[PDB]
Amino acid sequence: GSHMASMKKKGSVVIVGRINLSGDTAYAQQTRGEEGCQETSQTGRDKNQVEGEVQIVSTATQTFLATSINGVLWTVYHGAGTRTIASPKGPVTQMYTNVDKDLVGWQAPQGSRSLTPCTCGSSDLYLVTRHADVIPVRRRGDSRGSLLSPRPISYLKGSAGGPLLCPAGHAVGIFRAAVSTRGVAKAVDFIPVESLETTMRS
Ligand SMILES: [Zn+2]
C-alpha cells in the first residue's frame, strides 16, 4: 500500500538557455534563472521565445543539452528520462523514447531552427559543449571519436545531448558520454545521426 494523496510527479525538462552558433562566434546564452526554471518545471508552461539549434535544458537535478535535427529536439534518455518538456501550451510528451539508444525526442519547439543530417561521410568532426566550446574530434567508428586535445572530464559534464558536426556544419551525431581513464577524457561516445533518421522514418 501507499499514501496516494501525497504521490508526486517529476517535473518537466525546461529550456534554460541556448548555444548560439549563428555568427562566427559560439557562445552560451542563459534565458531563464534557477527560480524560474523550478517554477516552469512544475507547471510545464514555458512562454519564453525559443531560438537556435542547441538548447540548454534542465531537470531538478541536472543540466545538459538538446539539439534540433529535422524538426525534432533530441537529447539523452539518461538526462531526460521519459519527462515531458515545458512549452507555451503546457507539458509536451516525448515523440520518441529509446532507452536502448539513450535517446529521446520531442517535437521541435516553435522558433527553434534544425540542423540537417550530414551526408558527406567526413571523419573530421566538431563537438559543441554546453559552454559553447567547439572541440575538434576525429571520428573513430560509427559511435566514437577521439579528442585531438584530451582534457578533464569536468569539461564535458553537462554536454550530453549536444551535437557533433561535420566540416560543413551538418549533424553527425548527438554526444552521449565521455570515454575516460583516471578522470581524463580522450574520446567521446555519440549517437550517430543515422540512428535518429531511422527512428524518425526519414
Ligand atoms: Zn557533412
Side-chain angles (χ1 to χ4, degrees), residues 10-23 25-38 40-44 46-48 50-97 102-115 126-135 152-165 169 171 173-178 185 188 190-191 196:
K10 289 192 174 184
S12 291
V13 172
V14 179
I15 296 167
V16 297
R18 64 186 79 117
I19 304 299
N20 202 309
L21 300 170
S22 64
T25 310
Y27 67 101
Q29 174 176 359
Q30 189 178 254
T31 56
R32 191 175 282 284
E34 195 176 292
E35 301 174 30
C37 182
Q38 178 171 118
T40 304
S41 186
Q42 289 312 297
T43 64
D46 180 4
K47 304 296 207 167
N48 282 179
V50 176
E51 305 179 27
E53 300 90 354
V54 180
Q55 308 303 138
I56 308 174
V57 299
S58 297
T59 63
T61 48
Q62 297 203 139
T63 301
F64 50 101
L65 298 179
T67 301
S68 182
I69 303 167
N70 286 356
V72 178
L73 183 66
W74 302 99
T75 193
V76 284
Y77 186 94
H78 78 254
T82 58
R83 291 175 179 79
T84 54
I85 193 167
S87 92
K89 287 176 168 185
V92 171
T93 301
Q94 291 177 7
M95 181 183 276
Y96 303 104
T97 311
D102 198 15
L103 184 66
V104 307
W106 307 267
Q107 63 206 243
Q110 196 77 196
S112 68
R113 190 185 341 161
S114 277
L115 298 169
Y126 295 87
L127 170 67
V128 178
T129 74
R130 75 174 287 107
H131 306 294
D133 303 305
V134 179
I135 297 175
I153 55 174
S154 319
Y155 197 87
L156 298 177
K157 182 174 187 294
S159 292
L164 287 86
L165 302 173
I174 296 297
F175 175 52
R176 184 169 61 76
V188 295
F190 66 88
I191 306 163
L196 283 56

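In this chain, residues are counted from 1 in sequence order.
The salt bridge (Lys or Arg N to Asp or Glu O under 4.0 Å) contacts involving residues 61-74 comprise nothing, where partners must be two or more places apart or lie in separate chains.
The minimum heavy-atom distance between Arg32 and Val14, with the atom names listed, is CD-CG1, 4.0 Å. In this structure, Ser159 and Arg130 approach most closely via the heavy-atom pair OG-N, 3.0 Å. Here the closest heavy-atom approach between residue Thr75 and residue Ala160 is recorded as OG1-O, 4.3 Å. Scanning both residues, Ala178 and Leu156, for their nearest heavy atoms gives CB-CD1, 4.0 Å. Among all heavy-atom pairs drawn from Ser12 and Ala86, the shortest one is CB-N, 3.7 Å. Heavy-atom minimum distance, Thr67 versus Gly161: OG1-O, 2.8 Å.
A donor-acceptor contact closer than 3.5 angstrom is absent between the side chains of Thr59 and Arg83.
The residue from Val13, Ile85, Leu73 that alone fulfils the side chain to side chain contact (heavy atoms under 4.5 Å, CB included) condition with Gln55 is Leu73. The only member of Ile69, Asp102, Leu65 that meets side chain to side chain contact (heavy atoms under 4.5 Å, CB included) when paired with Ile174 is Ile69.
Interatomic distance, SG of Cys37 versus CD1 of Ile15, reported as 10.5 Å (0.5 Å rounding). To the nearest 0.5 Å, atoms CH2 (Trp74) and CE (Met95) are separated by 9.0 Å. The OG1 atom of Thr61 lies 7.0 Å from the NZ atom of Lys10; values are rounded to the nearest 0.5 Å. Considering CD1 of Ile19 and OG1 of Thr129, their distance stands at 6.5 Å, rounded to 0.5 Å. The distance from the CD atom of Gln107 to the OG1 atom of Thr93 is 9.0 Å, given to the nearest 0.5 Å. A distance of 9.0 Å separates NZ of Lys47 from NZ of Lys89, quoted to the nearest 0.5 Å.
In this structure, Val54 and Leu21 have side chains that are in contact, with non-hydrogen atoms separated by less than 4.5 Å. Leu127 has its side chain out of reach of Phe190: every pair of non-hydrogen atoms, C-beta onward, lies at least 4.5 Å apart. Side-chain atoms of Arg113 and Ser22, non-hydrogen and from C-beta on, do get closer than 4.5 Å to each other. No side-chain heavy atom of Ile56 sits under 4.5 Å from any side-chain heavy atom of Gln30. A heavy-atom distance below 4.5 Å is not found between the side chains of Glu53 and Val128. Using a 4.5 Å cut-off on side-chain heavy atoms (C-beta onward), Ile135 and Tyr155 make contact. Under the 4.5 Å side-chain criterion, counting only non-hydrogen atoms from C-beta, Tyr96 is not in contact with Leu103.
Applying the ring pair (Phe, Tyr, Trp, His ring centres under 6.0 Å) rule to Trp106 yields no partners; only residues at least two apart in sequence or on another chain are considered.
Looking at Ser112, its side chain never comes within 3.5 Å of a backbone N or O of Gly52 through a donor-acceptor pair.
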